[PDB]
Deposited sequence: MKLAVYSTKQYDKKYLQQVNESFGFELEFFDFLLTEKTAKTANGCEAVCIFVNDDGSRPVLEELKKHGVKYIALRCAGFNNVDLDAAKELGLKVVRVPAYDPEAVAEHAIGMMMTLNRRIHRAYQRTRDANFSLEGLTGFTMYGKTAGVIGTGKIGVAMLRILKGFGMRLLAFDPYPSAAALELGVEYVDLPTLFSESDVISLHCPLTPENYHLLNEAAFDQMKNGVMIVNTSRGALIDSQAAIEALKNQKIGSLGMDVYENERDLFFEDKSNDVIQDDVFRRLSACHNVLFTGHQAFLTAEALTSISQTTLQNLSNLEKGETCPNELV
């Protein structure tokens, strides 16, 4: 089969090429966005492979189908940029990667948390230019503090495993407690208790109507002064405006956000400069092993479709 890959970054290319050694697809890599105008560049391909900024609205899907495309493979878990009803009407198959390597994501969240804690991002800015002053870099010992994890799916549990290794007291919130978390000694609590008791908070939950702007003024109001917050889940779990205010106020001691590529809204520049704030550009799954799993699943998804096999990751 022939596959056109849109929004291609060098790391996308590297792992798709590597994995394709087991599949033998003809791969065509485009660095630009799939849009209604660029969809004609998929001519001669049975499949396209897209990511979060690509446009999968109806007019694009119509243009793909006119050019003979049959299959759309999201190299990601999110699918809000694809009109699935239109895809279904047009006869197009849509597949996705059901979830990222949960350990890669959790380990990114701990990496953000420790970089923020010990100001290692600031330290490097100093030491790369041979300034070894430690003023302002003082952090906190994690051992013995309380961590709150919101969401105990596979990612959140991977996070809790790590936090346990740091010797922290483990609190969680989730509507549905997970057995794996309870073996780690995690105490499920309600959100108000999690807010009020947690030295560090990390979000590992899907965005739903119920938890949209879950971290808002009232939430921050209840947190400890100097609380550390990391969000590697969707940006909308947090009310930006309330966060900035709580930063200025000094309720939030540190904030780390892995900012999704279609959620970016110089708030970034100011907050990064003036506060212990760290943005990363949707980097939580960016490891060799996790990018390999994404590629594997993507090309295995397409292989299924081509052979008429059942594809567990089919959205339509």
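- Residues of the deposited sequence lacking C-alpha coordinates, numbered from 1, fall in the single stretch 266 to 278.
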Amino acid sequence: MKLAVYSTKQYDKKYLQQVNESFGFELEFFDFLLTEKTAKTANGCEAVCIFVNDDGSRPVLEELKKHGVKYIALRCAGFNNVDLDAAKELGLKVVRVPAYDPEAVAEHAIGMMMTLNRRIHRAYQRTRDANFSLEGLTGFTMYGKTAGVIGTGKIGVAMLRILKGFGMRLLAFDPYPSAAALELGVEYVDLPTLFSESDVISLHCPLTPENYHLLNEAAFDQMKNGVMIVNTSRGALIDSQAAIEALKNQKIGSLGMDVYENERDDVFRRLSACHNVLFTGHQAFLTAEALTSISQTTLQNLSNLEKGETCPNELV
From here on, numbers count along this sequence of modelled residues.
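- Of the two stretches examined, 248 to 256 and 65 to 73, the record assigns the greater average C-alpha temperature factor to 248 to 256.
- Between the stretches 161 to 169 and 203 to 211, it is 203 to 211 that shows the larger average CA temperature factor.
- Within the selection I155, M112, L134, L182, the deposited Cα B-factor values reach their highest point at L182.
- In this structure the maximum Cα B-factor among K224, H108, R118, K93 is found at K224.
- Among the modelled residues of the chain, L315 sits in the middle third by CA temperature factor in this PDB entry.
- Annotation for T127: CA B-factor lies in the middle third of the chain's modelled residues.
- Among the modelled residues of the chain, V97 sits in the middle third by CA temperature factor in this PDB entry.
- Looking at the C-alpha B-factors along this chain, the one for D239 belongs to the highest third.
- Residue-level temperature factors show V230 in the lowest third of its chain, judged at the C-alpha atom.
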